[PDB]
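Peer 1: Handing you a structure now.
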Amino acid sequence: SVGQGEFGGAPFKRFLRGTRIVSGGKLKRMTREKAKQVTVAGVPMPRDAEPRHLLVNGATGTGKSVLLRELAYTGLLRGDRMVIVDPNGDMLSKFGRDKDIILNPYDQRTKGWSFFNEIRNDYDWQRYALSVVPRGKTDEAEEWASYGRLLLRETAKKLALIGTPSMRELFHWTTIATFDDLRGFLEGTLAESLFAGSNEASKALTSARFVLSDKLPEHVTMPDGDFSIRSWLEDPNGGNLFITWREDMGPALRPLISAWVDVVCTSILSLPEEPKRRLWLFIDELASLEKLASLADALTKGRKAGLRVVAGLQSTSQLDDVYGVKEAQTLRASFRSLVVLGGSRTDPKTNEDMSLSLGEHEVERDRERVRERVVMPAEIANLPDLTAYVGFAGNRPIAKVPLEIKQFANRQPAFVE
Amino acid sequence: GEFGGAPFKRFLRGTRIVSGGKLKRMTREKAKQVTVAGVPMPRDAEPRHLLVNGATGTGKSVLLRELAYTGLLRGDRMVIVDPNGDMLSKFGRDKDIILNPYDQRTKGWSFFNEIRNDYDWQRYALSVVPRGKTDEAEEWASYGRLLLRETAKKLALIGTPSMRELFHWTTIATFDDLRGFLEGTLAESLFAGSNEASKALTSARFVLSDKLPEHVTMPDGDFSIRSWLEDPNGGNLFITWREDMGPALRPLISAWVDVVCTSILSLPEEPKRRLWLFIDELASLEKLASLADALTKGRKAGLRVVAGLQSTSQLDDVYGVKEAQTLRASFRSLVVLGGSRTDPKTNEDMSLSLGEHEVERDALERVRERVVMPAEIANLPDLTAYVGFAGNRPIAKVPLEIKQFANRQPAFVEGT
Amino acid sequence: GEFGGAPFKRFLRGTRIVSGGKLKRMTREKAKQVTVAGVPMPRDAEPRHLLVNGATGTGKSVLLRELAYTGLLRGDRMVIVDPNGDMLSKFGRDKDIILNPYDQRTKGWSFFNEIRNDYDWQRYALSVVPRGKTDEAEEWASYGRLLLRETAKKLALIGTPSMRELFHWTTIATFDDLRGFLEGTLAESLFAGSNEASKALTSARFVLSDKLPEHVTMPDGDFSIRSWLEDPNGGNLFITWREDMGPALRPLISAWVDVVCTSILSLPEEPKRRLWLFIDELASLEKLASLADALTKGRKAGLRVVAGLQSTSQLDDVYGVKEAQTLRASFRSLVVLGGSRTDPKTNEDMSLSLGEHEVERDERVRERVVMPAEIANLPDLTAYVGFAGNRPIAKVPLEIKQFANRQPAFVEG
Amino acid sequence: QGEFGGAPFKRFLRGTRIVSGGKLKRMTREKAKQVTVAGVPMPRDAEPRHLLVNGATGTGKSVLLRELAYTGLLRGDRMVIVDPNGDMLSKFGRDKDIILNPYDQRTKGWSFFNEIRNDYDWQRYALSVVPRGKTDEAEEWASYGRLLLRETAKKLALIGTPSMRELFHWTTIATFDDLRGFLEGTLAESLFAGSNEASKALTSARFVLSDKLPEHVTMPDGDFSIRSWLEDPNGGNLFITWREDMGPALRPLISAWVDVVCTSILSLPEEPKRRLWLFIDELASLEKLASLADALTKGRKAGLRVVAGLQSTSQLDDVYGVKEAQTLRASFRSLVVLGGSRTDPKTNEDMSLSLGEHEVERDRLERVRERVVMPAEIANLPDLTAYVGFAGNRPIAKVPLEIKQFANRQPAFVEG
Ligand SMILES: Nc1ncnc2c1ncn2[C@@H]1O[C@H](COP(=O)(O)OP(=O)(O)O)[C@@H](O)[C@H]1O
Ligand SMILES: Nc1ncnc2c1ncn2[C@@H]1O[C@H](COP(=O)(O)OP(=O)(O)O)[C@@H](O)[C@H]1O
Ligand SMILES: Nc1ncnc2c1ncn2[C@@H]1O[C@H](COP(=O)(O)OP(=O)(O)O)[C@@H](O)[C@H]1O
Ligand SMILES: Nc1ncnc2c1ncn2[C@@H]1O[C@H](COP(=O)(O)OP(=O)(O)O)[C@@H](O)[C@H]1O
Ligand SMILES: [Mg+2]
Ligand SMILES: [Mg+2]
Ligand SMILES: [Mg+2]
Ligand SMILES: [Mg+2]
């Protein structure tokens with residue numbers, strides 16, 4: 001019959017509707033195209049599906065990193081540019097060249113940077129204050145955040161105005177200077193009266209201080225330079241951007257890395273009309289960053305810029321806890337292509353989500369009409385590592401493909417200094 | 001033949017699916033009509049509104065552009081929430097209007113220009129300061145509107161209806177000075193006498209400091225959306241903006257769209273009027289205070305709203321579940337463009353929205369089943385849509401053709 | 001016979017569906033009746049109320065206008081929450097009353113006109129200041145009512161029952177002056193002695209500053225909805241307003257409707273009374289403090305409420321799920337006009353409301369008499385009528401009857 | 001069937017597969033030395049994927065963990081054991097081994113100061129001393145506490161007096177003003193001053209530290225460092241013991257030590273041959289660990305192997321919160337189900353669903369989807385009986401847990 005070596009369930013006589021499952025080789029051939037393509041677990045990825053983004057969901061130790069490394073690699077062979085959120089500088093040590101850029105406050109090779117370097121028009125202040133101070137986890141936390149951005153944008157605006165665009169100065173005024181002195185320095189800015197006149201006003205200012213005291217730190221200790229992610233995006237000859245950090249400092253650099261990633265997100269929306277552009281945004285673990293203020297729009301309006309986002313994810317519960325259910329749903333829905341690497345059996349909810357995501361099919365069998373999941377939650381829970389279900393965006397069948405561990409020579413040190 | 005599931009002997013009840021061509025025949029009418037994915041739209045369904053739901057990159061924009069186009073051929077007027085001035089560069093004429101604080105061709109505007117009676121102050125304060133996301137956020141908003149309407153009312157009274165002055169008093173003037181300026185207005189005592197009163201005033205300041213900005217930097221003029229709606233000879237209104245400034249202009253655009261919404265409710269009795277409101281992405285605007293009534297009482301004015309939507313979770317996050325449900329329920333005609341497989345919930349909603357049918361198959365058996373499975377919606381290729389017009393009509397899976405339109409005008413003209 | 005699903009051999013239990021004509025025969029009665037979509041309504045079902053649920057543009061208004069009309073032919077009195085004065089321009093007579101602060105024909109009114117005993121102050125303060133949407137909003141509301149009832153009580157006492165004065169003291173007079181004016185009232189100490197006390201007073205001010213406005217600008221007069229209810233010779237009450245001012249008049253209209261609700265509970269023992277309360281859109285009013293009791297204890301007063309409704313999600317957002325459920329449950333008779341397909345939840349609720357039936361075929365089957373999809377495919381002016389009690393439902397066509405405009409809808413003051 | 005509790009079947013299609021105890025033992029047996037889970041040799045590759053042992057009180061979690069620990073010691077692996085009543089200590093404790101217990105005479109001297117090596121380490125371990133708050137508001141306080149803790153400790157260390165006593169005095173005894181004074185010069189200088197909110201925040205911090213610090217202060221002094229210990233191969237095993245009646249009192253201290261191990265392993269140098277086990281008898285009895293998650297996800301390089309006991313899923317939920325607890329559980333690839341109480345059908349359902357369903361073909365042919373293990377089957381398990389489901393593509397098996405006897409080669413507690 002049908003559904004053998006392809007469909008895990010009982011073979012069937014006729015397929016009616018729903019999700020189609022096909023053999024690995026059959027998909028590879030089916031999705032193969034004329035132009036140069038990149039590969040997902042050895043499956044050539046449909047060109048049109050690239051800017052629709054890819055979400056790679058999988059339990060810890062199943063191959064998300066292998067998969068993303070292979071994707072990045074084949075992308076480089078095609079000569080595409082990319083920004084890689086790279087933990088421990090792994091990708092850097094493998095594909096990093098000399099013309100490439102490194103952003104890491106603790107690596108000797110890092111460029112010098114400050115969010116000031118991205119300001120070009122007045123609307124840019126709030127725009128990037130949104131990157132420095134990501135969205136709050138809760139409504140109340142976001143209210144504080146907003147106060148923090150008000151304080152940040154007005155204080156930075158003035159410092160820049162009087163010719164001293166210093167993060168050190170910015171940090172001093174917003175978190176060290178006494179309450180009165182700050183209010184004084186604010187006189188003349190839109191924040192002049194907003195932060196005064198009532199207890200509420202003072203409370204709000206106090207909230208702002210705390211927020212900025214939490215976010216700014218790593219921004220301040222960042223080696224200075226005139227590097228601009230915006231300019232870098234415009235320079236074709238510019239290389240690839242590697243955002244690296246050592247795992248033990250992950251929580252410390254969370255707000256800085258979340259800022260850089262967000263900067264790339266809003267910034268691509270300003271790049272000039274250029275069809276030939278192809279920019280990949282590799283995010284190893286979407287849930288480990290903060291609630292990004294621009295990721296959503298980037299995933300929705302980045303087609304013109306040729307933005308291609310690929311993000312790894314372990315539990316759907318993570319993204320939920322970071323963005324919130326409603327918001328997280330929208331975020332996920334923005335990634336048209338999906339890859340399921342099989343999760344843990346101690347987490348049946350995710351296995352169910354992934355199973356449901358893969359979809360059901362209506363089939364005609366012998367002895368008749370049946371609706372069933374093409375991939376059972378249990379099937380996903382039993383997947384061996386380095387094995388994945390690939391479901392490209394649009395009207396294409398999914399397939400269970402083996403992920404091969406390709407070896408890459410270390411053509412550069414991961415960390416220096 | 002057109003039903004994706006197993007063929008059946010007899011149809012009993014529920015949603016009925018028909019072939020693209022068969023629906024086109026069915027919905028075809030004598031009078032001039034507009035088209036939805038190449039399907040002539042029933043005249044009576046136009047003022048019942050249309051909701052176009054679809055994943056990013058599936059064709060919502062193509063569909064809305066085609067609708068707008070055929071609408072223009074019929075000579076109808078329209079207000080288009082137009083991103084990057086795309087629609088503007090294609091169908092924009094010289095008699096047409098442009099609202100964009102950064103485009104040189106923009107008209108000059110201030111919400112003052114819409115005030116005609118006393119009840120109009122709160123009415124449009126409701127537009128300048130949209131509804132709060134949360135109950136607490138709305139409470140602040142209300143304080144903001146109180147502060148806004150009373151301060152503007154006085155400014156207008158003393159003959160200085162300036163947004164600059166309004167912005168100065170409500171966000172720059174010291175607390176005391178403001179209280180002073182308020183003396184004589186209904187807001188005189190409301191914002192004084194206790195900590196709570198002061199807190200409320202502080203809340204109002206913040207809100208207005210968030211909304212007003214783009215209103216202030218807006219080029220001044222005497223253009224009035226109200227007057228414009230009344231002038232038959234007036235053209236079409238194009239609300240444009242550059243994507244990178246979307247978040248910055250969110251509160252301003254949300255104001256203009258809302259202004260159109262309440263304002264049509266005052267237009268004089270005119271059956272021949274046909275006004276379309278094209279909203280590319282309903283969830284990208286703020287919680288509109290008047291959208292609901294407009295979608296419910298705009299029939300007399302001949303209001304026809306068409307809105308794009310990606311995830312139902314968005315609208316929910318903006319208006320709130322209960323409220324978003326009511327909003328969606330106000331759009332009688334639906335179009336489903338197929339979403340992502342990473343979001344099975346929406347696919348389920350869309351599937352359920354398209355409905356089930358009870359059928360008799362093969363002696364015989366009775367079966368209830370979704371006419372379109374969630375999976376079927378998740379597998380739709382781009383530019384393919386299910387069209388389900390309001391009322392008792394079958395749905396159909398139709399191909400969306402990408403029509404080409406000559407750029408008869410620049411999308412943006414840097415205002416210097 | 002007449003059902004949408006597969007025909008069956010035998011009916012076992014559950015909701016039973018019948019043909020339009022068959023129901024018309026079944027519900028027809030000896031006495032004069034009113035009609036619901038051309039179906040004579042059982043007399044006993046009248047005071048059990050009717051809820052007409054239906055998508056925008058399906059015929060709720062047509063249906064209510066017909067009901068009102070046949071009700072007038074029978075000579076019943078009624079209060080009509082009438083948008084744009086549509087019902088007024090059609091069935092409005094000269095002996096009839098009009099309440100609209102902006103219409104020249106409006107009577108003069110103030111809630112003072114309803115006060116007759118001491119318990120009436122809070123009673124109508126509950127009408128002027130409807131229930132809060134959220135618990136916190138209601139807490140403020142309560143402070144507002146305290147401030148409202150005590151200030152009004154004193155103004156009436158010293159002989160100056162003025163809404164203008166009431167509004168001045170409660171929202172314009174400085175904090176201290178107000179406290180001063182309160183001295184002697186129960187509100188004397190309640191609003192003083194701590195920050196909390198002061199905060200509460202501030203809350204009250206805001207609330208009244210939101211509700212009172214339209215009450216103040218209302219043309220003064222001595223008209224009393226209470227008295228009007230008692231006067232048999234009184235006409236019908238038309239509560240009208242222009243749609244563009246709907247949000248502005250929301251709190252005032254909500255007050256009048258509520259006043260009618262509590263007031264009917266005081267009318268004297270009169271079996272022959274028949275008073276209809278037509279509410280075009282129940283969800284467009286505020287959370288009415290007395291609607292519930294009216295729908296439950298209005299029989300002896302002969303109260304008959306008919307309300308229109310679009311989405312169940314609306315009522316929920318206004319009264320809250322639990323409360324909204326109780327409200328809806330109070331309407332024994334239901335009419336379903338078919339909704340939009342973009343809202344499958346309501347279609348499901350309406351389908352479930354219409355009920356299932358157990359039937360014998362071919363063989364035992366339980367199924368919805370009306371599928372959610374069937375309700376989503378109803379063409380306009382088509383409705384399912386399910387009268388209260390043990391009666392079958394029926395799918396009936398709603399005819400658009402034409403009514404001559406025997407009076408202007410609005411007459412600018 | 002002999003392995004499957006339900007009706008025997010003709011053919012297996014997909015899903016979870018169940019096999020006999022002996023058959024799994026054969027299947028998972030490997031060439032190298034392995035450790036055992038209820039007598040079943042554990043796949044080497046599954047070790048660093050962690051193991052979650054769920055089971056009702058009195059079913060065998062402790063027996064199972066003791067056996068695992070034992071066979072692990074025979075292979076010569078190092079381990080950190082959260083050991084109640086020093087049970088594991090009295091059985092496998094040697095002389096080269098370490099003991100952390102403020103009330104045991106054999107304890108090493110410790111202070112979190114001993115773990116600081118770089119500047120980013122202050123917050124890093126402040127996160128260990130002050131675990132995550134149960135609720136969002138509780139965590140906000142906690143964060144203030146960490147700010148106060150890290151800045152005060154940083155200064156104390158700076159001026160040469162890294163004393164927990166001094167730290168505790170300044171943060172919870174010194175008058176408000178004096179503290180603010182001592183803070184002058186630190187990042188916390190202005191943060192905790194200038195408004196009521198600021199003062200409120202400081203008050204919150206005080207309370208938090210006053211709750212956590214206590215046991216840290218009364219801890220015998222020393223220069224022992226869990227970080228250094230991890231680096232010393234010749235170091236022994238770490239036994240974290242405490243007497244049950246003092247469990248609640250030592251909760252925040254034990255939670256700090258376990259967390260310290262969690263972040264610290266992330267700094268250990270590149271060493272493939274390392275094998276470090278983290279035995280946590282009851283995961284829900286600790287606080288919301290700030291580093292457990294990363295440890296369970298990035299500890300492979302370090303060779304971290306975590307084994308945790310758990311009674312009700314409702315516990316973990318109450319501690320970490322549903323979303324977070326789900327992620328936590330999901331990080332343990334291998335599962336062991338010891339059967340719970342019938343008074344708790346929810347957990348039995350979760351465990352049943354976790355074990356998974358299978359699609360099978362049976363002779364009346366018929367296709368059936370069913371749970372391999374019914375909730376009722378789990379509720380009827382006799383003690384010392386467990387379902388073993390190793391990570392990856394391996395069948396589960398119902399195996400008997402044997403109570404092995406271990407000689408008491410050392411006293412469990414030695415009062416000080
Ligand atoms: N350089 C390598 N050599 C051998 N196996 C590797 C290598 N990198 C990754 N793997 C395999 O991939 C598995 C999962 O780790 P990884 O691929 O990084 O994905 P994850 O994102 O789930 O951590 C490892 O358990 C191992 O089997
Ligand atoms: N001018 C065009 N040229 C080619 N393809 C187009 C054009 N406009 C739209 N499309 C097609 O329509 C798809 C959907 O994008 P769009 O029409 O903007 O709708 P959506 O609102 O879903 O983003 C694009 O991926 C592309 O394939
Ligand atoms: N006087 C009329 N002339 C023509 N059509 C009318 C008239 N009144 C009502 N209708 C019809 O009735 C439908 C319902 O409008 P209405 O009766 O106001 O109810 P509702 O708006 O509550 O659904 C319209 O779709 C139209 O088909
Ligand atoms: N030293 C022992 N001697 C006899 N039985 C024991 C011993 N230790 C454990 N057991 C058995 O194991 C059961 C479960 O207790 P335990 O192994 O501590 O697990 P848990 O408390 O985690 O469920 C006991 O009821 C007993 O039957
Ligand atoms: Mg990884
Ligand atoms: Mg679009
Ligand atoms: Mg109506
Ligand atoms: Mg135990």
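FYI, nothing fancy with the structure tokens labels: chains A, B, ... in order, residues from 1 per chain, ligands from 1 as they appear.
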Find the residues near residue 212 (chain C): any atom within 12 Å, counting only C-alpha atoms, skip ones fewer than 4 places away on the same chain, and give them as a ChimeraX atom specification.

Peer 2: /C:110-111,125,127-130,144-145,148,163-171,204-208,216-218,248-253,255

Peer 1: Take the residues that were just selected and, keeping N, CA, C and O atoms, output them as a tab-separated table (two decimals), in the first residue's frame.

Peer 2:
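Output (part_26.tsv):
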```tsv
chain	number	residue	atom	x	y	z
C	110	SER	N	-34.45	65.21	36.20
C	110	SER	CA	-33.33	65.16	37.12
C	110	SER	C	-33.66	63.95	37.98
C	110	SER	O	-34.85	63.66	38.19
C	111	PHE	N	-32.65	63.22	38.46
C	111	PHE	CA	-32.95	62.05	39.27
C	111	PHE	C	-33.62	62.46	40.59
C	111	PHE	O	-34.20	61.61	41.28
C	125	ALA	N	-28.94	56.43	43.11
C	125	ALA	CA	-27.55	56.82	42.96
C	125	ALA	C	-26.97	55.62	42.20
C	125	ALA	O	-26.00	55.75	41.46
C	127	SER	N	-28.44	54.21	39.90
C	127	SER	CA	-28.84	54.37	38.51
C	127	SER	C	-27.96	55.41	37.82
C	127	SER	O	-27.57	55.25	36.66
C	128	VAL	N	-27.66	56.48	38.55
C	128	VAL	CA	-26.83	57.55	38.02
C	128	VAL	C	-25.40	57.05	37.81
C	128	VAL	O	-24.76	57.35	36.80
C	129	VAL	N	-24.92	56.27	38.77
C	129	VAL	CA	-23.58	55.70	38.74
C	129	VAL	C	-23.71	54.18	38.64
C	129	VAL	O	-23.77	53.49	39.66
C	130	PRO	N	-23.78	53.64	37.41
C	130	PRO	CA	-23.91	52.20	37.19
C	130	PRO	C	-22.74	51.40	37.77
C	130	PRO	O	-21.74	51.98	38.21
C	144	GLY	N	-18.19	57.13	44.76
C	144	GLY	CA	-18.92	58.15	44.03
C	144	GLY	C	-20.37	58.21	44.47
C	144	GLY	O	-20.92	59.30	44.63
C	145	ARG	N	-21.01	57.06	44.68
C	145	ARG	CA	-22.40	57.05	45.10
C	145	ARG	C	-22.55	57.62	46.50
C	145	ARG	O	-23.51	58.32	46.78
C	148	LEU	N	-22.28	61.18	46.01
C	148	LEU	CA	-23.46	61.66	45.31
C	148	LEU	C	-24.71	61.71	46.19
C	148	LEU	O	-25.34	62.77	46.31
C	163	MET	N	-29.05	70.11	40.01
C	163	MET	CA	-28.01	69.26	39.47
C	163	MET	C	-26.76	70.10	39.26
C	163	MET	O	-25.65	69.62	39.39
C	164	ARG	N	-26.96	71.38	38.94
C	164	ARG	CA	-25.86	72.30	38.71
C	164	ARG	C	-25.06	72.44	39.98
C	164	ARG	O	-23.82	72.38	39.97
C	165	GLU	N	-25.78	72.64	41.08
C	165	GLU	CA	-25.15	72.79	42.38
C	165	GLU	C	-24.48	71.47	42.78
C	165	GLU	O	-23.36	71.46	43.31
C	166	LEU	N	-25.18	70.37	42.53
C	166	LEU	CA	-24.67	69.05	42.84
C	166	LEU	C	-23.35	68.83	42.11
C	166	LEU	O	-22.36	68.40	42.70
C	167	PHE	N	-23.35	69.16	40.82
C	167	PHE	CA	-22.16	69.00	39.99
C	167	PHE	C	-21.04	69.93	40.42
C	167	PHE	O	-19.87	69.57	40.35
C	168	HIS	N	-21.39	71.13	40.86
C	168	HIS	CA	-20.37	72.08	41.29
C	168	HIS	C	-19.64	71.57	42.55
C	168	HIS	O	-18.41	71.52	42.61
C	169	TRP	N	-20.43	71.20	43.56
C	169	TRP	CA	-19.87	70.72	44.81
C	169	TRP	C	-19.04	69.45	44.65
C	169	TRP	O	-17.94	69.35	45.20
C	170	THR	N	-19.55	68.49	43.88
C	170	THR	CA	-18.87	67.22	43.69
C	170	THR	C	-17.69	67.20	42.72
C	170	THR	O	-16.90	66.26	42.75
C	171	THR	N	-17.54	68.21	41.87
C	171	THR	CA	-16.43	68.17	40.92
C	171	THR	C	-15.67	69.49	40.70
C	171	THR	O	-14.59	69.50	40.08
C	204	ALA	N	-14.20	59.31	44.13
C	204	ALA	CA	-15.60	59.68	43.99
C	204	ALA	C	-15.76	60.83	43.00
C	204	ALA	O	-16.61	60.78	42.12
C	205	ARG	N	-14.94	61.87	43.16
C	205	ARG	CA	-14.97	63.05	42.30
C	205	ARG	C	-14.87	62.65	40.83
C	205	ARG	O	-15.72	63.02	40.02
C	206	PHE	N	-13.82	61.92	40.50
C	206	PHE	CA	-13.61	61.48	39.13
C	206	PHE	C	-14.85	60.76	38.62
C	206	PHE	O	-15.38	61.12	37.58
C	207	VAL	N	-15.34	59.77	39.35
C	207	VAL	CA	-16.52	59.03	38.91
C	207	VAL	C	-17.68	59.96	38.56
C	207	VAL	O	-18.20	59.93	37.44
C	208	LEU	N	-18.08	60.80	39.51
C	208	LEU	CA	-19.19	61.72	39.28
C	208	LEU	C	-18.89	62.70	38.17
C	208	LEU	O	-19.80	63.11	37.45
C	216	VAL	N	-26.47	67.16	34.07
C	216	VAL	CA	-26.50	68.60	34.31
C	216	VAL	C	-27.09	69.36	33.12
C	216	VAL	O	-28.01	70.17	33.29
C	217	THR	N	-26.56	69.09	31.93
C	217	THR	CA	-27.00	69.76	30.69
C	217	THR	C	-28.39	69.31	30.24
C	217	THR	O	-28.85	69.69	29.16
C	218	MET	N	-29.05	68.51	31.06
C	218	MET	CA	-30.38	68.03	30.73
C	218	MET	C	-31.38	69.13	31.07
C	218	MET	O	-31.33	69.71	32.16
C	248	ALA	N	-21.30	59.56	24.46
C	248	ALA	CA	-21.50	60.68	25.38
C	248	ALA	C	-22.74	60.50	26.26
C	248	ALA	O	-22.72	60.84	27.44
C	249	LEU	N	-23.81	59.96	25.68
C	249	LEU	CA	-25.05	59.77	26.42
C	249	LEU	C	-25.18	58.40	27.06
C	249	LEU	O	-26.22	58.08	27.65
C	250	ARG	N	-24.14	57.58	26.95
C	250	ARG	CA	-24.18	56.24	27.50
C	250	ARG	C	-24.56	56.21	28.99
C	250	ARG	O	-25.49	55.51	29.38
C	251	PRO	N	-23.86	56.98	29.83
C	251	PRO	CA	-24.21	56.98	31.25
C	251	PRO	C	-25.60	57.54	31.59
C	251	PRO	O	-26.20	57.15	32.60
C	252	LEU	N	-26.13	58.45	30.78
C	252	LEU	CA	-27.44	59.01	31.05
C	252	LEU	C	-28.53	58.02	30.66
C	252	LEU	O	-29.47	57.77	31.42
C	253	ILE	N	-28.41	57.44	29.48
C	253	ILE	CA	-29.37	56.47	28.99
C	253	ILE	C	-29.41	55.26	29.91
C	253	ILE	O	-30.47	54.70	30.20
C	255	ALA	N	-28.87	55.29	32.93
C	255	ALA	CA	-29.54	55.71	34.16
C	255	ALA	C	-31.05	55.62	33.98
C	255	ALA	O	-31.74	55.06	34.82
```

Peer 1: Could you build a table of the residues in chain A lying no more than 7 Å from chain B, giving for each the nearest pair of atoms and their separation in Å rounded to one decimal place, using only C-alpha atoms, ordered by chain and ascending residue number, as CSV?

Peer 2:
```
residue,atom,partner,partner_atom,distance
A:16,CA,B:5,CA,5.5
A:17,CA,B:4,CA,5.9
A:18,CA,B:375,CA,4.8
A:19,CA,B:375,CA,5.8
A:123,CA,B:248,CA,6.9
A:190,CA,B:172,CA,6.6
A:192,CA,B:172,CA,6.9
A:193,CA,B:172,CA,5.6
A:194,CA,B:171,CA,6.6
A:197,CA,B:175,CA,5.5
A:198,CA,B:198,CA,6.1
A:200,CA,B:199,CA,5.4
A:201,CA,B:202,CA,6.3
A:266,CA,B:244,CA,6.9
A:269,CA,B:244,CA,5.4
A:270,CA,B:244,CA,5.7
A:300,CA,B:56,CA,6.2
A:326,CA,B:313,CA,5.1
A:327,CA,B:313,CA,6.9
A:329,CA,B:313,CA,6.7
A:330,CA,B:311,CA,5.9
A:332,CA,B:342,CA,6.1
A:333,CA,B:343,CA,4.8
A:334,CA,B:56,CA,6.7
A:335,CA,B:342,CA,6.9
A:336,CA,B:340,CA,4.8
A:338,CA,B:342,CA,6.5
A:356,CA,B:344,CA,6.6
A:357,CA,B:341,CA,5.4
A:358,CA,B:341,CA,6.8
A:359,CA,B:375,CA,5.4
A:360,CA,B:375,CA,6.2
A:393,CA,B:340,CA,7.0
A:394,CA,B:381,CA,4.7
A:395,CA,B:379,CA,4.4
```

Peer 1: All residues within 7 Å of ligand 4 are required, counting only C-alpha atoms and all ligand atoms; please report them as a PyMOL selection string.

Peer 2: chain D and resi 55-64+383-384+403+405

Peer 1: Mind listing the residues within 6 Å of ligand 3, only C-alpha atoms and all ligand atoms counted, as a PyMOL selection string?

Peer 2: chain C and resi 56-62

Peer 1: Can you write just those residues out, C-alpha atoms, as a PDB file, in the first residue's frame?

Peer 2:
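Saved result, part-v6.pdb, follows:
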```pdb
ATOM      1  CA  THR C  56     -24.986  43.002  12.602  1.00  0.00           C
ATOM      2  CA  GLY C  57     -27.424  43.499   9.736  1.00  0.00           C
ATOM      3  CA  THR C  58     -29.488  40.343  10.227  1.00  0.00           C
ATOM      4  CA  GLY C  59     -32.775  41.856  11.393  1.00  0.00           C
ATOM      5  CA  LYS C  60     -32.772  42.400  15.153  1.00  0.00           C
ATOM      6  CA  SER C  61     -34.186  45.881  14.545  1.00  0.00           C
ATOM      7  CA  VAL C  62     -36.819  44.647  12.096  1.00  0.00           C
TER       8      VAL C  62
END
```

Peer 1: For region 288-302 of chain D, please output as a VMD selection string all residues within 8 Å (counting only C-alpha atoms; exclusion window: fewer than 2 positions along the same chain).

Peer 2: (chain A and resid 60 to 61) or (chain D and resid 48 to 50 127 to 128 131 to 134 255 259 262 to 263 265 to 266 268 to 272 274 to 276 286 304 to 306 319 to 320 328 331 to 332)

Peer 1: Please identify the residues whose atoms come within 7 Å of ligand 1, using only C-alpha atoms and all ligand atoms, and report them as a PyMOL selection string.

Peer 2: chain A and resi 58-66+385-386+405+407

Peer 1: So how far away is CA of residue 70 (chain D) from CA of residue 25 (chain D), in Å?

Peer 2: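 Computed distance, CA of residue 25 (chain D) to CA of residue 70 (chain D), equals 18.2 Å.
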
Peer 1: What residues in chain C lie within 6 Å of chain B, counting only C-alpha atoms, written as a list in words?

Peer 2: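 Therefore, the residues near the partner are residues 4, 5, 172, 174, 175, 199, 244, 311, 313, 340, 341, 342, 343, 344, 373, 374, 377, 378 and 379 of chain C.
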
Peer 1: Using only C-alpha atoms, select each residue of chain A with any atom at most 7 Å away from an atom of chain D, and give the selection as a VMD selection string.

Peer 2: chain A and resid 8 to 10 60 175 to 179 202 to 203 206 209 to 210 247 to 248 252 315 317 to 318 321 344 to 348 376 378 to 379 382 to 385

Peer 1: Select from region 280-393 of chain A everything DSSP, run on the backbone, classes as alpha helix (DSSP H), then give the selection as a ChimeraX atom specification.

Peer 2: /A:295-301,316-323,325-333,348-358,377-381
